[PDB]
Amino acid sequence: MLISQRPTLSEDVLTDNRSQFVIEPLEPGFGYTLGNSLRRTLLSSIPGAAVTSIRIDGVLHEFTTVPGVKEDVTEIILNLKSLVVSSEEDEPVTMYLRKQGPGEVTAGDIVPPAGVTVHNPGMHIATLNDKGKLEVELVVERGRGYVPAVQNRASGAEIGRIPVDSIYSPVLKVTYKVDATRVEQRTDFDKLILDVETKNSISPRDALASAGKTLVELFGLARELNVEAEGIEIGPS
Amino acid sequence: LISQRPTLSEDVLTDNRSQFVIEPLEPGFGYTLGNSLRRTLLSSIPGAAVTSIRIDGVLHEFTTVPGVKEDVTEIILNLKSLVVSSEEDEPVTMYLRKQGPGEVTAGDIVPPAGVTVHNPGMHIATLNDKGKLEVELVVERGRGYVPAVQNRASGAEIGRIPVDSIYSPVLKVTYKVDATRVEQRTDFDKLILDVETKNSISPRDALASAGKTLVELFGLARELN
Amino acid sequence: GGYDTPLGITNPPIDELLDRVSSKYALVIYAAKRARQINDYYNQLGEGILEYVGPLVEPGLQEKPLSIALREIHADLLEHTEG
Amino acid sequence: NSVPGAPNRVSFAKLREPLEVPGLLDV
Amino acid sequence: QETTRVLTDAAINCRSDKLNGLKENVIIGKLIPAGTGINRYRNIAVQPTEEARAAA
Amino acid sequence: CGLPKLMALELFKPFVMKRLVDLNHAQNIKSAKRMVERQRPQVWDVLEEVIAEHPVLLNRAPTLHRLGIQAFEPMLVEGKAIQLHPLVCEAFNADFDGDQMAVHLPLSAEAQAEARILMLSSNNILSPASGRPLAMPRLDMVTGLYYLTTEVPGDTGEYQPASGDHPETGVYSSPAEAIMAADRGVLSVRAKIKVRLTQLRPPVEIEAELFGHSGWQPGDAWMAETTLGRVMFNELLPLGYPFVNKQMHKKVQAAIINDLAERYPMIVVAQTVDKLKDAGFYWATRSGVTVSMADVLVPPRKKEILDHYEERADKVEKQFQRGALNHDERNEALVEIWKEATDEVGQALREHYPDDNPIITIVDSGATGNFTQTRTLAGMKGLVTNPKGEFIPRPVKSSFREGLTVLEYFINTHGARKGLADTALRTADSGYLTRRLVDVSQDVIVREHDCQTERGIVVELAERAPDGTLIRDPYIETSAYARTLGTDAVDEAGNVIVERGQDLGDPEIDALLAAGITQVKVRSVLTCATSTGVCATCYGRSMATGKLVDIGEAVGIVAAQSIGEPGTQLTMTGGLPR
Amino acid sequence: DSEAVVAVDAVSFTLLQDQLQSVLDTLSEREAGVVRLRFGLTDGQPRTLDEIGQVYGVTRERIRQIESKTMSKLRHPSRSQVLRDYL
Amino acid sequence: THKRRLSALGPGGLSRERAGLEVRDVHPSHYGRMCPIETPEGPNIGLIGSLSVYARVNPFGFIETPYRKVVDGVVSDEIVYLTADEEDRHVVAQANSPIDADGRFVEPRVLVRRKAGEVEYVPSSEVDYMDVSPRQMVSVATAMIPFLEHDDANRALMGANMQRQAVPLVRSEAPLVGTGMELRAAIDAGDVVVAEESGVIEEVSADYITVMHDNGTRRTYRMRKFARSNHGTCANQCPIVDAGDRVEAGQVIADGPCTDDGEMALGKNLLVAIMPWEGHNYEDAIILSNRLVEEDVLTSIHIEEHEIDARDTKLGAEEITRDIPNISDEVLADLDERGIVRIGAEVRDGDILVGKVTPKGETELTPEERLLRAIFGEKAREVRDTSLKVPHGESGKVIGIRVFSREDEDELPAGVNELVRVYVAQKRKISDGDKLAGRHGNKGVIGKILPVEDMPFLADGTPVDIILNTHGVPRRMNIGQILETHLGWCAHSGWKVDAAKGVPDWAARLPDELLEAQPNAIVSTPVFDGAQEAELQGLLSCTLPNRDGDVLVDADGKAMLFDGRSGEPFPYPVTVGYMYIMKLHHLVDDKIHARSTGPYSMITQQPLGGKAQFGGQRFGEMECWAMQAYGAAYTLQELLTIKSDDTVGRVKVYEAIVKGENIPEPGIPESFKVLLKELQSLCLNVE
Ligand SMILES: [Mg+2]
Ligand SMILES: [Zn+2]
């Protein structure tokens with residue numbers, strides 16, 4: 001049949017990577033059917049890379065004090081966890097961060113091999129007190145969604161390398177709500193209000209477009225059972 | 001990452017209910033996927049049902065026909081249970097004549113070309129020696145639930161009785177997921193979806209219409225970039 | 001300071017409006033007399049002109065004169081004397 | 001029980017009461 | 001209470017009323033002397049600022 | 001507030017007639033009136049246009065106090081029932097068992113301005129009587145925030161620092177990462193973690209430790225061992241408010257909203273209360289507070305307790321049967337024995353229950369109810385009163401889970417009916433007393449700003465101990481708060497700590513108690529020197545705003561309503577006749 | 001009180017008087033004058049053709065001709081739909 | 001219950017204001033003669049009561065009560081009717097006492113009732129009278145509450161009071177769990193056609209049943225179809241017997257308004273969860289599914305009655321006809337040639353029902369009306385229209401037309417020639433605002449009607465119907481509804497305990513043929529001798545599955561719901577089951593009420609009061625106190641001058657709103673000038 005009212009999609013722009021969309025008006029149940037689906041698809045369906053396991057020389061079992069540095073080991077672990085890095089190779093590549101002498105390490109002091117790239121060179125990671133030396137070997141790979149600490153199944157390199165989590169998803173915090181526009185002339189329709197905040201890897205409009213593309217290629221399976229079945233056609237743009 | 005697009009197989013249990021299994025999926029995703037498909041299936045499938053009836057001897061909804069055991073409102077409450085599938089969008093009419101004693105089932109309704117009544121064993125009303133029933137109906141397309149549209153809203157005569165309408169071919173839909181999610185990060189979800197329809201349309205056609213509606217609406221957020 | 005955006009009848013905030021009057025009662029008679037002046041301007045635009053000036057801030061599409069008076073008081077564009 | 005066209009409504013009662021209910025409109 | 005007795009001895013003494021409590025002003029429909037009814041607030045003169053008068 | 005559109009079309013009929021004459025939809029007001037009566041479909045858009053930003057009044061009889069009439073901005077709602085905001089039910093004393101509310105309509109510009117500024121809903125949060133807030137969370141959202149902010153030892157994803165072969169695996173770099181790890185089935189909301197927060201103000205000790213002067217958290221980073229739930233809760237609160245890290249009992253929420261009302265403007269308090277309502281409902285659904293008869297647990301050793309006190313009652317009855325004591329003495333002995341047995345069964349039931357029982361969570365979170373209702377649910381009912389007021393010495397030895405018997409039900413009915421008739425008589429007497437008080441004190445209004453007297457009453461204000469320590473007097477917040485000092489405050493013939501003419505809020509009272517002074521001479525309306533009403537400095541702070549009272553307020557009717565309103569809850573010469 | 005003021009017919013009467021004044025002003029001066037003096041629209045006294053021909057200095061038959069001409073002029077849909085909607 | 005109702009007011013009795021507080025309480029002589037539960041709960045508590053079940057009135061006017069006499073500890077069957085005095089002369093045993101199936105008790109120390117209303121433990125030889133049964137001290141309407149012994153007295157009062165405000169639905173399904181009082185309370189209420197004599201059915205129809213007795217004679221029972229009750233509800237009567245069946249004396253032959261197959265049926269059976277859902281069921285609000293709106297589960301007929309009469313006047317006589325002055329022919333197409341509408345025409349709010357025109361007389365004409373009539377040529381039409389119009393907020397079809405005429409020689413009051421009555425009926429659905437209640441005082445309006453998709457469905461796709469709230473259960477002490485919910489789920493799904501190793505220990509005192517039951521089977525737990533906790537818990541643990549092997553509800557009575565809105569499961573199991581709820585007579589359409597400007601009073605000039613008219617709300621005394629306490633003087637001046645009494649001001653206010661100007665300044669009210677004229681009339685120079 002016909003939708004009898006074509007919905008729109010308009011993007012409002014907050015601070016640079018915190019856009020906020022509205023979709024209005026929808027058929028009176030159709031807010032929640034696509035709201036939660038879009039939230040989960042924005043979160044756990046976009047590819048991207050992150051750190052997976054690091055290794056610090058000089059640490060053997062204590063995991064608590066690195067000599068010559070000021071900050072804790074766990075501070076370096078979560079500072080490395082909040083490091084945006086994009087890959088192009090679907091296999092585990094390694095990195096290195098080498099610095100001796102007193103001063104302060106930044107994220108731009110790392111050296112990227114071929115294919116990977118860092119999107120915040122002015123990010124603070126560690127400080128070296130006096131005459132210290134930092135030599136940390138990172139492992140960067142890609143995937144989807146959030147994934148916890150993969151345990152030491154390959155226990156051969158387990159003495160040096162310690163595992164962390166991986167925020168593969170380029171979006172961070174997506175929330176949503178519905179509304180109640182035009183209860184009389186349009187008879188209680190819905191207005192979905194999205195809110196997405198990404199990192200600087202992709203703009204949220206492009207994240208929304210990739211999520212919509214994966215969703216429609218997911219529902220193409222359910223569409224391709226009886227192609228000549230009558231649905232609800234919206235019409236043209 | 002994994003590189004495997006999900007597939008959809010089909011599994012038949014009876015003639016009017018079947019099972020649909022999708023695998024693999026992302027973790028924490030099969031619940032939302034099945035709920036979106038259920039929310040579409042349970043509300044937005046186009047079908048057909050009766051709209052307004054008109055018995056000859058009556059003038060309104062709160063009377064009785066000479067001869068029948070039930071009354072007019074009980075005949076309305078029985079005829080609201082019919083399941084009927086149409087073919088074209090203009091409102092066709094079907095008749096029902098029955099004379100003398102006996103039980104008037106839904107199989108006695110003579111349909112025009114295009115529509116069909118699916119359960120002829122449905123009881124409508126029962127008659128006696130002096131009873132005479134003569135009633136015409138109006139079948140119409142649509143989707144969802146809609147209350148009885150008033151006689152003043154159209155330009156019909158006094159004999160018309162507007163009935164409520166429920167064009168909804170689906171009957172009962174559930175799902176469940178099978179979260180493997182082992183401690184090796186080869187994780188996925190396997191969603192098993194269940195559809196049961198009221199013998200009007202097949203479950204494959206119901207799921208096809210729901211998938212068409214989702215593919216139409218979810219593509220709105222893609223090509224507006 | 002920065003709190004949130006208001007909406008509807010609570011715009012402008014009375015916590016900012018009460019920094020321009022003594023008490024709330026003076027604020028009420030202030031806004032009511034300014035709104036009566038604005039409506040007396042509007043219903044005399046058809047005939048010849050008079051001294052009933054206003055509004056000073058730009059009105060909305062279809063905005064009540066009392067809301068325009070409250071926005072004018074929040075813009076610090078009028079003056080008032082008590083009794 | 002003691003009314004002929006009654007629906008079979010199975011009871012949970014333990015006490016066998018002697019006296020049936022009187023005529024409700026005798027007052 | 002005792003509207004007979006209250007009214008008769010007031011009628012003897014020729015007792016005049018002054019209409020200052022907020023009970024009597026409710027009865028005759030006049031503006032009550034509280035809130036926005038006292039003379040500090042009821043006679044506020046409102047005029048636009050002379051700097052902003054020339055702005056339009 | 002919601003509005004049934006078929007009623008709002010009837011209220012606003014001249015406005016919509018003028019508006020649909022002005023837009024060319026009818027040639028005069030006669031065709032416009034017939035167009036309204038036939039309900040042509042343009043009148044809905046015209047009705048929305050004339051409804052927008054035009055307040056209405058709402059009213060539920062009986063109007064007990066000043067917050068019984070509150071203005072609202074309408075918006076059109078389908079159906080036929082008035083939709084009411086779920087936070088003003090405490091002010092209206094309205095539940096949804098079939099109560100009706102009247103809607104009036106202000107007309108002139110003065111009436112619209114009065115309803116928009118003075119009588120708005122979001123402007124009246126606090127009491128006019130005591131200053132505590134009336135827009136506080138209640139029955140459901142308190143349970144929601146209690147479940148959201150409580151802390152479970154050893155839940156899924158709890159932080160352990162055990163560092164042998166593997167690190168701690170409890171830390172999280174950001175609340176966004178923690179929200180992802182809880183969306184996946186790893187982190188529970190109530191498990192203890194160590195986030196790295198960059199948007200919430202740390203408490204005073206951590207702020208003075210890490211940054212000293214002003215740790216302005218919009219850029220700063222600091223670690224905190226909390227749950228995810230308390231972080232999600234503290235994100236509802238404003239930026240300048242510090243971190244809390246507590247368990248949101250109802251008194252804790254009362255203290256939070258009181259502090260927010262004291263140190264912030266009103267609009268921030270209104271928005272914070274709306275956010276708290278939304279979070280409280282959304283987590284009240286997921287809390288899992290249901291009621292089953294497998295959840296009403298009985299105490300296991302109830303029967304031996306009842307048998308022991310039954311043997312004591314048997315000895316008392318046998319001693320009466322000997323003739324060694326009269327009727328009233330054995331009645332007193334049986335009353336004492338069964339009171340002891342009731343309290344023993346209540347103690348055993350109190351110590352038998354777990355903490356995650358819904359019937360004890362709803363009680364202990366301060367949502368509703370007390371413990372005696374749970375004792376009468378599972379346990380023992382206890383003594384039941386007579387029609388006169390004596391105690392039946394039997395008593396009821398059953399509970400409503402076990403089901404009563406015929407005589408015990410017949411005994412309970414006496415006290416039930418006495419309570420009902422007491423309720424009717426008490427609300428009639430409270431109405432009469434409110435009428436008398438309003439009729440006396442209606443001519444006490446504020447007239448001047450400062451009468452400039454020197455007399456004043458004295459307050460006790462936290463007398464000391466035999467050890468010498470100044471213990472805080474319990475009745476300070478009713479007696480000494482919100483008052484203006486008539487004389488100065490000197491300590492041990494040293495420095496003057498708080499000068500004359502100050503509001504006596506929290507921190508100066510804390511400073512006086514820290515300096516160690518008790519008696520203070522404060523101003524009050526007993527010693528005011530104006531002839532027509534009181535002055536503004538003698539009355540002190542108006543409780544409804546928090547600032548000084550104005551020069552036109554009618555404080556007499558406010559006082560009379562604040563006295564006569566809670567008289568219905570005065571459940572008794574010690575009651576409302578007292 | 002069925003003999004009270006309905007309070008919509010009163011403002012309808014005032015609006016009808018204003019529209020009647022505008023419609024009679026859409027005619028000429030002499031035509032509006034003779035119609036107002038014929039029907040007493042300004043003082044409440046219906047004069048006759050003798051008095052109208054006296055105040056204008058012409059025969060009663062000329063006044064009657066002018067009155068019939070104006071009654072034919074007012075009986076137009078364009079001139080009279082706004083007055084038709086008042087009854 | 002309107003019969004068998006005992007009051008203390010009226011002529012020859014004490015007034016309400018003079019009612020002593022001691023006469024409202026329950027004396028201990030009320031055991032078996034008056035219900036201590038059922039009474040009105042306004043300012044009439046205890047002044048109005050109802051009779052007990054087994055009670056009886058003496059020839060002198062005192063109230064008798066049966067008792068089982070017992071000699072030497074052997075309980076006999078000689079039933080003796082005692083009054084209060086000779087009840088006090090003896091000592092009275094307990095109903096539920098353990099009798100040895102031989103007449104004798106099993107313990108000497110029995111519960112007993114002494115002379116002055118005391119409760120003791122007498123040895124089992126002084127006992128000379130026993131009760132006949134339980135439920136002797138209870139009324140009829142209170143004896144229809146399952147698990148009454150688990151509820152508090154106030155909520156049982158509210159439940160027994162709200163059980164009779166239920167409305168008759170259109171389908172009237174019998175309750176799953178009930179007592180044994182529905183059948184007798186229905187066939188004694190008189191609203192059920194009972195077969196007078198045993199015989200065989202000859203012919204059924206929708207209008208009459210003719211039976212054939214054993215000896216020749218026949219009798220026909222004329223049904224009542226769509227008869228109006230005293231409060232607008234409907235009174236249908238449908239048969240339940242087929243053509244060739246055989247009936248006996250006293251057998252039910254035709255249902256009534258609220259009956260199903262013989263027994264009472266005041267509501268429907270609905271699946272229910274006890275979770276708090278998103279603040280929509282906050283503070284006793286109820287949310288429902290859309291299935292009840294779709295499938296006519298809670299819908300009822302309502303029949304209203306209008307009336308008009310053509311009197312005679314001085315100037316002539318009013319006539320009933322079609323020739324209505326100044327009314328278009330578009331709205332005159334419904335009614336027939338003689339004025340009244342035809343049967344079947346649907347009317348809206350404000351249409352013409354009976355065309356009636358009155359003579360009016362002669363008046364002077366304004367010059368503008370004269371000029372418009374001269375322009376348009378419409379005539380004078382000296383007769384005035386006072387027709388019969390359907391009032392505001394009503395609609396529906398037209399069932400019947402009853403007309404009395406003077407020329408057909410009926411009895412009428414003096415001067416009336418034609419009386420005509422029109423019956424309009426409508427089919428009211430369920431809606432938000434309408435009031436629902438259970439059988440335990442758990443009332444509450446409908447907060448929201450959700451669609452069928454966003455409603456928390458069960459583990460196999462079944463959506464729930466209503467959603468109650470948890471916080472209203474424990475603090476009101478009425479967990480009888482929780483026991484009714486558990487036993488309703490058991491009675492819906494059907495159970496079968498296992499007698500392989502004998503009967504389990506909890507079901508030892510459980511009677512036979514309840515060890516297994518079919519699904520959708522009815523049961524009856526009586527008032528004070530019903531289900532027990534061990535019986536219900538063990539029966540709830542063995543509750544055979546639905547279609548697949550899926551026990552949807554575990555041993556605690558709960559189930560794992562799914563959130564129909566987001567999609568995730570709820571993390572904790574929720575209590576579900578099958579309750580029995582009723583629709584009450586507090587619908588919104590009888591309550592929603594508004595007024596802009598309508599009819600005014602005559603003596604005073606205030607707007608008239610009442611929903612029957614347009615009607616304005618009373619702005620009382622405490623509301624004036626609140627408006628003074630706010631300080632808003634202008635709103636109070638407006639509310640007391642230009643909305644009530646300023647007779648020259650109301651027209652100016654309406655004119656200023658219509659023309660769009662400022663509201664003018666209020667004048668002196670009419671009440672003050674009336675007071676001034678009275679004081680001047682009473683020889684007091686008020687100046
Ligand atoms: Mg209530
Ligand atoms: Zn003073």
# chains A, B, ... in the order shown; residues from 1 in each chain; ligands from 1
>>> residues_near_ligand(ligand="ligand 2", cutoff="10 Å", atoms="only C-alpha atoms and all ligand atoms", output="ChimeraX atom specification")
/F:446-456,523-531,533-540
>>> write_last_selection(atoms="N, CA and C atoms", output="PDB file, in the first residue's frame")
ATOM      1  N   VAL F 446       2.487  41.628  55.015  1.00  0.00           N
ATOM      2  CA  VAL F 446       3.738  42.357  55.120  1.00  0.00           C
ATOM      3  C   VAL F 446       3.573  43.754  54.539  1.00  0.00           C
ATOM      4  N   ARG F 447       4.025  44.749  55.297  1.00  0.00           N
ATOM      5  CA  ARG F 447       3.797  46.124  54.885  1.00  0.00           C
ATOM      6  C   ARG F 447       5.090  46.890  54.666  1.00  0.00           C
ATOM      7  N   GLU F 448       6.048  46.755  55.575  1.00  0.00           N
ATOM      8  CA  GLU F 448       7.291  47.499  55.441  1.00  0.00           C
ATOM      9  C   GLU F 448       8.459  46.562  55.208  1.00  0.00           C
ATOM     10  N   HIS F 449       9.598  47.110  54.880  1.00  0.00           N
ATOM     11  CA  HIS F 449      10.776  46.280  54.689  1.00  0.00           C
ATOM     12  C   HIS F 449      11.533  46.040  55.981  1.00  0.00           C
ATOM     13  N   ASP F 450      11.625  47.039  56.850  1.00  0.00           N
ATOM     14  CA  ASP F 450      12.324  46.875  58.117  1.00  0.00           C
ATOM     15  C   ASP F 450      11.714  47.817  59.137  1.00  0.00           C
ATOM     16  N   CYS F 451      11.136  47.254  60.194  1.00  0.00           N
ATOM     17  CA  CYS F 451      10.546  48.067  61.245  1.00  0.00           C
ATOM     18  C   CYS F 451      11.590  48.692  62.153  1.00  0.00           C
ATOM     19  N   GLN F 452      12.814  48.155  62.145  1.00  0.00           N
ATOM     20  CA  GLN F 452      13.970  48.668  62.888  1.00  0.00           C
ATOM     21  C   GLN F 452      13.723  48.700  64.394  1.00  0.00           C
ATOM     22  N   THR F 453      13.323  47.563  64.943  1.00  0.00           N
ATOM     23  CA  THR F 453      13.223  47.432  66.386  1.00  0.00           C
ATOM     24  C   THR F 453      14.547  46.920  66.938  1.00  0.00           C
ATOM     25  N   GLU F 454      14.561  46.598  68.225  1.00  0.00           N
ATOM     26  CA  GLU F 454      15.700  45.945  68.839  1.00  0.00           C
ATOM     27  C   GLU F 454      15.320  44.714  69.634  1.00  0.00           C
ATOM     28  N   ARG F 455      14.045  44.528  69.952  1.00  0.00           N
ATOM     29  CA  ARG F 455      13.620  43.371  70.714  1.00  0.00           C
ATOM     30  C   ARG F 455      13.662  42.121  69.846  1.00  0.00           C
ATOM     31  N   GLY F 456      13.626  40.976  70.506  1.00  0.00           N
ATOM     32  CA  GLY F 456      13.638  39.720  69.797  1.00  0.00           C
ATOM     33  C   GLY F 456      13.601  38.537  70.734  1.00  0.00           C
ATOM     34  N   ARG F 523      15.177  37.746  65.641  1.00  0.00           N
ATOM     35  CA  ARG F 523      13.972  38.537  65.457  1.00  0.00           C
ATOM     36  C   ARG F 523      12.802  37.646  65.078  1.00  0.00           C
ATOM     37  N   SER F 524      11.604  38.091  65.441  1.00  0.00           N
ATOM     38  CA  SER F 524      10.400  37.331  65.145  1.00  0.00           C
ATOM     39  C   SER F 524       9.210  38.274  65.118  1.00  0.00           C
ATOM     40  N   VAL F 525       8.077  37.744  64.654  1.00  0.00           N
ATOM     41  CA  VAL F 525       6.881  38.561  64.484  1.00  0.00           C
ATOM     42  C   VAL F 525       6.160  38.849  65.785  1.00  0.00           C
ATOM     43  N   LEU F 526       6.590  38.251  66.895  1.00  0.00           N
ATOM     44  CA  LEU F 526       6.014  38.611  68.181  1.00  0.00           C
ATOM     45  C   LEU F 526       6.497  39.976  68.635  1.00  0.00           C
ATOM     46  N   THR F 527       7.699  40.363  68.227  1.00  0.00           N
ATOM     47  CA  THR F 527       8.315  41.600  68.668  1.00  0.00           C
ATOM     48  C   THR F 527       8.361  42.655  67.578  1.00  0.00           C
ATOM     49  N   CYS F 528       7.632  42.465  66.485  1.00  0.00           N
ATOM     50  CA  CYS F 528       7.615  43.465  65.429  1.00  0.00           C
ATOM     51  C   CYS F 528       6.859  44.698  65.895  1.00  0.00           C
ATOM     52  N   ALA F 529       7.235  45.848  65.347  1.00  0.00           N
ATOM     53  CA  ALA F 529       6.768  47.125  65.862  1.00  0.00           C
ATOM     54  C   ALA F 529       5.888  47.893  64.894  1.00  0.00           C
ATOM     55  N   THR F 530       5.584  47.343  63.725  1.00  0.00           N
ATOM     56  CA  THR F 530       4.669  48.019  62.822  1.00  0.00           C
ATOM     57  C   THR F 530       3.241  47.868  63.321  1.00  0.00           C
ATOM     58  N   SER F 531       2.392  48.809  62.922  1.00  0.00           N
ATOM     59  CA  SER F 531       1.031  48.838  63.443  1.00  0.00           C
ATOM     60  C   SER F 531       0.065  48.062  62.558  1.00  0.00           C
ATOM     61  N   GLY F 533       0.065  45.119  60.242  1.00  0.00           N
ATOM     62  CA  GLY F 533       0.808  43.985  59.750  1.00  0.00           C
ATOM     63  C   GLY F 533       2.251  44.010  60.210  1.00  0.00           C
ATOM     64  N   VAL F 534       3.003  43.029  59.734  1.00  0.00           N
ATOM     65  CA  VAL F 534       4.365  42.832  60.163  1.00  0.00           C
ATOM     66  C   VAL F 534       5.308  43.434  59.130  1.00  0.00           C
ATOM     67  N   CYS F 535       6.572  43.571  59.498  1.00  0.00           N
ATOM     68  CA  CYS F 535       7.592  44.053  58.584  1.00  0.00           C
ATOM     69  C   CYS F 535       8.308  42.871  57.949  1.00  0.00           C
ATOM     70  N   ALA F 536       9.113  43.158  56.932  1.00  0.00           N
ATOM     71  CA  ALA F 536       9.704  42.067  56.169  1.00  0.00           C
ATOM     72  C   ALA F 536      10.901  41.444  56.865  1.00  0.00           C
ATOM     73  N   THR F 537      11.680  42.223  57.613  1.00  0.00           N
ATOM     74  CA  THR F 537      12.842  41.639  58.273  1.00  0.00           C
ATOM     75  C   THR F 537      12.440  40.805  59.472  1.00  0.00           C
ATOM     76  N   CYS F 538      11.325  41.144  60.113  1.00  0.00           N
ATOM     77  CA  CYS F 538      10.875  40.352  61.246  1.00  0.00           C
ATOM     78  C   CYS F 538      10.347  38.998  60.804  1.00  0.00           C
ATOM     79  N   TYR F 539       9.719  38.929  59.631  1.00  0.00           N
ATOM     80  CA  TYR F 539       9.187  37.655  59.171  1.00  0.00           C
ATOM     81  C   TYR F 539      10.294  36.725  58.708  1.00  0.00           C
ATOM     82  N   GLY F 540      11.390  37.276  58.207  1.00  0.00           N
ATOM     83  CA  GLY F 540      12.493  36.444  57.778  1.00  0.00           C
ATOM     84  C   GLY F 540      12.285  35.895  56.378  1.00  0.00           C
TER      85      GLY F 540
END
>>> residues_near_ligand(ligand="ligand 1", cutoff="8 Å", atoms="only C-alpha atoms and all ligand atoms", output="list in words")
residues 94, 95, 96, 97, 98 and 99 of chain F
>>> write_last_selection(atoms="N, CA and C atoms", output="short mmCIF file (atom, residue, chain, number, x, y, z; two decimals), in the first residue's frame")
data_model
loop_
_atom_site.label_atom_id
_atom_site.label_comp_id
_atom_site.auth_asym_id
_atom_site.auth_seq_id
_atom_site.Cartn_x
_atom_site.Cartn_y
_atom_site.Cartn_z
N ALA F 94 -3.50 13.59 45.24
CA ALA F 94 -4.37 12.95 44.26
C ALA F 94 -3.75 11.63 43.84
N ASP F 95 -4.52 10.56 43.93
CA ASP F 95 -4.19 9.31 43.27
C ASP F 95 -5.16 9.10 42.12
N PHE F 96 -4.95 8.03 41.36
CA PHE F 96 -5.70 7.81 40.13
C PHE F 96 -6.76 6.73 40.29
N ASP F 97 -7.43 6.70 41.44
CA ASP F 97 -8.52 5.76 41.67
C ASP F 97 -9.86 6.30 41.22
N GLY F 98 -9.88 7.37 40.44
CA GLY F 98 -11.13 7.93 39.96
C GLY F 98 -11.36 9.36 40.40
N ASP F 99 -10.30 10.08 40.73
CA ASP F 99 -10.43 11.45 41.18
C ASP F 99 -10.61 12.38 40.00
#
>>> interface_residues(of="chain F", to="chain A", cutoff="10 Å", atoms="only C-alpha atoms", output="ChimeraX atom specification")
/F:5,41-42,44-45,48,75-78,163-169,171-177,179-181,183-184,186,195-196,223
>>> residues_around(residues="segment 404-419 of chain H", least_positions_apart="2", cutoff="12 Å", atoms="only C-alpha atoms", output="MDAnalysis selection string")
chainID H and resid 306:314 316:321 340 354 356 401:402 421:422
>>> interface_residues(of="chain B", to="chain A", cutoff="8 Å", atoms="only C-alpha atoms", output="PyMOL selection string")
chain B and resi 1-2+6-8+26+29+32-33+35-36+39-40+45-46+183-185+204-205+207-225
>>> residues_around(residues="residue 26 of chain D", least_positions_apart="6", cutoff="10 Å", atoms="only C-alpha atoms", output="number ranges by chain")
H: 4, 56-57
>>> write_last_selection(atoms="N, CA, C and O atoms", output="mmCIF file, in the first residue's frame")
data_model
loop_
_atom_site.group_PDB
_atom_site.id
_atom_site.type_symbol
_atom_site.label_atom_id
_atom_site.label_comp_id
_atom_site.auth_asym_id
_atom_site.auth_seq_id
_atom_site.Cartn_x
_atom_site.Cartn_y
_atom_site.Cartn_z
ATOM 1 N N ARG H 4 -33.139 -6.760 50.811
ATOM 2 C CA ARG H 4 -32.427 -7.285 51.988
ATOM 3 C C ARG H 4 -31.404 -6.294 52.532
ATOM 4 O O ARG H 4 -30.317 -6.672 52.963
ATOM 5 N N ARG H 56 -32.985 -14.734 58.991
ATOM 6 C CA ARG H 56 -34.425 -14.930 58.951
ATOM 7 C C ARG H 56 -35.063 -13.956 59.922
ATOM 8 O O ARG H 56 -34.489 -13.671 60.971
ATOM 9 N N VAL H 57 -36.249 -13.468 59.585
ATOM 10 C CA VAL H 57 -36.949 -12.494 60.411
ATOM 11 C C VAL H 57 -38.085 -13.182 61.152
ATOM 12 O O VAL H 57 -38.885 -13.905 60.549
#
